[PDB]
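The structure appears right after this line, and notes come after that.
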Amino acid sequence: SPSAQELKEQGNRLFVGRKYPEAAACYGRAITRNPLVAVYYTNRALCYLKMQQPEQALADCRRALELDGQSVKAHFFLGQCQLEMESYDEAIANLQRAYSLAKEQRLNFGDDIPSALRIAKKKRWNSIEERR
Amino acid sequence: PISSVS
């Protein structure tokens with residue numbers, strides 16, 4: 001009978017092992033034990049992204065944002081979901097928001113957020129070129 | 001990175 005924290009730690013190990021559906025299931029078990037912890041949802045969202053399930057990832061990002069409206073990772077992963085779902089304007093807004101929140105919170109993710117922003121803007125532009 | 005679990 002593991003604790004919520006033990007379940008999160010197991011999920012994290014499975015994630016390192018690139019066992020994403022297994023990791024996601026572990027985070028689900030953690031959520032069962034304590035559904036008020038934003039990180040369980042953002043971790044699972046990342047798993048769903050790796051599993052090419054942006055719809056499921058998006059719902060987890062929404063759950064995380066309800067718990068912590070300032071979550072950098074929830075905004076970032078939400079943007080990634082929207083990008084995959086070809087909602088480019090929303091994606092860019094969320095990645096920009098992630099960038100702004102990371103700055104406000106004095107968090108350092110190197111060039112990860114700007115790089116994702118560039119990818120999103122490039123994808124947006126390319127979608128326009130694909131239509132003319 | 002940012003794409004990492006916590």
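Every chain in the structure tokens takes a letter, A first, then B, and so on in the order presented; its residues are numbered from 1, and the ligands are numbered from 1 following the presented order.
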Pull the closest atom pair for each residue of chain B that gets at most 7 Å from chain A, along with the distance in Å to one decimal, counting only C-alpha atoms, ordering rows by chain and then ascending residue number, as a Markdown table.
| residue | atom | partner | partner_atom | distance |
| --- | --- | --- | --- | --- |
| B:1 | CA | A:109 | CA | 6.0 |
| B:2 | CA | A:109 | CA | 5.8 |
| B:5 | CA | A:43 | CA | 5.3 |
| B:6 | CA | A:39 | CA | 6.6 |
Writing out the chosen residues with N, CA and C atoms as an mmCIF file, in the first residue's frame:
data_model
loop_
_atom_site.group_PDB
_atom_site.id
_atom_site.type_symbol
_atom_site.label_atom_id
_atom_site.label_comp_id
_atom_site.auth_asym_id
_atom_site.auth_seq_id
_atom_site.Cartn_x
_atom_site.Cartn_y
_atom_site.Cartn_z
ATOM 1 N N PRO B 1 15.858 20.015 -18.197
ATOM 2 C CA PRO B 1 14.952 20.766 -19.069
ATOM 3 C C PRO B 1 13.553 21.058 -18.472
ATOM 4 N N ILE B 2 12.686 21.701 -19.249
ATOM 5 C CA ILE B 2 11.312 21.909 -18.810
ATOM 6 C C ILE B 2 10.466 20.656 -19.029
ATOM 7 N N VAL B 5 9.754 15.396 -15.512
ATOM 8 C CA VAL B 5 8.824 15.205 -14.409
ATOM 9 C C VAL B 5 9.362 15.664 -13.064
ATOM 10 N N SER B 6 8.444 16.015 -12.167
ATOM 11 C CA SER B 6 8.730 16.543 -10.841
ATOM 12 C C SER B 6 8.231 15.688 -9.699
#
### Task
Please provide as a ChimeraX atom specification all residues within 12 Å of residue 74 in chain A, with the sequence filter that same-chain residues fewer than 2 positions apart are discarded (counting only C-alpha atoms).
/A:38-46,57-72,76-81,94-95,97-99,101-102 /B:2-3,5
### Message
Between A:24, A:103, A:2, A:125, which residue has the minimum interatomic distance to residue 51 in chain A, considering only C-alpha atoms?
### Response
A:24
### Task
Find the distance between CA of residue 17 in chain A and CA of residue 114 in chain A and write it in Å to one decimal.
27.5 Å
### Task
Determine, counting only C-alpha atoms, which protein, DNA and RNA residues have an atom within 8 Å of an atom of residue 88 in chain A; residues of the same chain fewer than 2 positions away are not included. Present the result as a PyMOL selection string.
chain A and resi 82-83+86+90-92+120-121+123-124
### Message
Just to confirm, what's the straight-line distance from CA of residue 33 in chain A to CA of residue 4 in chain A in Å (one decimal)?
### Response
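So the two atoms, CA of residue 33 in chain A and CA of residue 4 in chain A, lie 5.6 Å apart.
Between CA of residue 34 in chain A and CA of residue 105 in chain A the interatomic distance comes to 25.4 Å.
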#### Entry: Members of chain A assigned helix (DSSP H, G or I) by DSSP, as a PyMOL selection string
chain A and resi 4-16+20-33+38-50+54-67+72-84+88-104+112-129
Would you mind exporting the chosen residues as a short mmCIF file (atom, residue, chain, number, x, y, z; two decimals), in the first residue's frame, restricted to C-alpha atoms?
data_model
loop_
_atom_site.label_atom_id
_atom_site.label_comp_id
_atom_site.auth_asym_id
_atom_site.auth_seq_id
_atom_site.Cartn_x
_atom_site.Cartn_y
_atom_site.Cartn_z
CA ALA A 4 0.80 9.25 -2.99
CA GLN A 5 4.43 10.43 -2.86
CA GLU A 6 5.70 6.86 -3.40
CA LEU A 7 3.37 6.53 -6.38
CA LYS A 8 4.65 9.78 -7.86
CA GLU A 9 8.23 8.61 -7.35
CA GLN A 10 7.45 5.30 -9.03
CA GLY A 11 5.81 7.15 -11.91
CA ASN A 12 8.94 9.27 -12.24
CA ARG A 13 11.13 6.15 -12.38
CA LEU A 14 8.91 4.64 -15.09
CA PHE A 15 9.13 7.93 -16.98
CA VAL A 16 12.95 7.75 -16.84
CA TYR A 20 4.97 6.16 -20.44
CA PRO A 21 1.59 4.38 -20.18
CA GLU A 22 2.87 2.72 -17.00
CA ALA A 23 4.10 6.06 -15.63
CA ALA A 24 0.77 7.70 -16.45
CA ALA A 25 -1.09 4.93 -14.62
CA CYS A 26 1.10 5.52 -11.55
CA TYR A 27 0.32 9.24 -11.57
CA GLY A 28 -3.35 8.25 -11.80
CA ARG A 29 -2.94 6.20 -8.62
CA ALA A 30 -1.26 9.18 -6.92
CA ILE A 31 -4.20 11.36 -8.00
CA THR A 32 -6.58 8.83 -6.42
CA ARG A 33 -4.77 9.21 -3.12
CA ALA A 38 -0.93 19.95 -9.44
CA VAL A 39 2.35 18.13 -10.18
CA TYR A 40 0.64 14.76 -10.54
CA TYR A 41 -1.42 16.22 -13.40
CA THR A 42 1.45 18.04 -15.12
CA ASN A 43 3.58 14.89 -14.91
CA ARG A 44 0.78 12.82 -16.40
CA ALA A 45 0.18 15.44 -19.09
CA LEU A 46 3.80 15.02 -20.18
CA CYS A 47 3.29 11.23 -20.37
CA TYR A 48 0.20 11.70 -22.53
CA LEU A 49 2.18 13.98 -24.84
CA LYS A 50 4.84 11.27 -25.23
CA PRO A 54 -2.73 15.61 -26.62
CA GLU A 55 -6.47 15.54 -25.78
CA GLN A 56 -5.81 13.64 -22.54
CA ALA A 57 -2.77 15.80 -21.84
CA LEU A 58 -4.89 18.94 -22.32
CA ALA A 59 -7.47 17.82 -19.77
CA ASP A 60 -4.69 17.20 -17.23
CA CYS A 61 -3.27 20.67 -17.89
CA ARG A 62 -6.75 22.09 -17.22
CA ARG A 63 -6.91 20.18 -13.93
CA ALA A 64 -3.46 21.46 -12.91
CA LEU A 65 -4.37 25.07 -13.81
CA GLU A 66 -7.51 24.85 -11.63
CA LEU A 67 -5.24 23.94 -8.71
CA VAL A 72 4.65 27.37 -15.66
CA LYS A 73 4.66 23.71 -16.67
CA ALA A 74 0.86 23.49 -17.01
CA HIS A 75 0.88 26.49 -19.38
CA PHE A 76 3.85 25.09 -21.30
CA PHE A 77 2.39 21.61 -21.73
CA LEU A 78 -1.00 23.15 -22.58
CA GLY A 79 0.71 25.10 -25.35
CA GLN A 80 2.33 21.91 -26.60
CA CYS A 81 -1.05 20.19 -26.67
CA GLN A 82 -2.63 23.02 -28.62
CA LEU A 83 0.26 22.98 -31.04
CA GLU A 84 -0.28 19.30 -31.77
CA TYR A 88 -1.63 27.79 -33.14
CA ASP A 89 -2.79 31.15 -31.75
CA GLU A 90 -3.74 29.61 -28.39
CA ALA A 91 -0.53 27.56 -28.34
CA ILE A 92 1.62 30.65 -28.81
CA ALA A 93 -0.34 32.53 -26.12
CA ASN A 94 0.21 29.70 -23.65
CA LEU A 95 3.93 29.38 -24.41
CA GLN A 96 4.30 33.17 -24.06
CA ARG A 97 2.43 32.96 -20.77
CA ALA A 98 4.74 30.15 -19.63
CA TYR A 99 7.70 32.38 -20.52
CA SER A 100 6.24 35.32 -18.58
CA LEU A 101 5.41 33.19 -15.53
CA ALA A 102 8.90 31.63 -15.53
CA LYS A 103 10.31 35.18 -15.50
CA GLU A 104 7.97 36.38 -12.74
CA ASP A 112 13.45 25.66 -23.69
CA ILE A 113 10.53 28.08 -23.71
CA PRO A 114 11.85 30.42 -26.44
CA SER A 115 12.72 27.34 -28.54
CA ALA A 116 9.17 26.02 -28.21
CA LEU A 117 7.85 29.51 -29.07
CA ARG A 118 9.92 29.55 -32.26
CA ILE A 119 8.65 26.08 -33.20
CA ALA A 120 5.06 27.23 -32.60
CA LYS A 121 5.41 30.42 -34.66
CA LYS A 122 7.14 28.49 -37.46
CA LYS A 123 4.36 25.91 -37.44
CA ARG A 124 1.74 28.64 -37.57
CA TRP A 125 3.46 30.33 -40.51
CA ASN A 126 3.94 27.02 -42.32
CA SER A 127 0.21 26.26 -41.91
CA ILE A 128 -0.53 29.57 -43.64
CA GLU A 129 1.86 28.72 -46.50
#
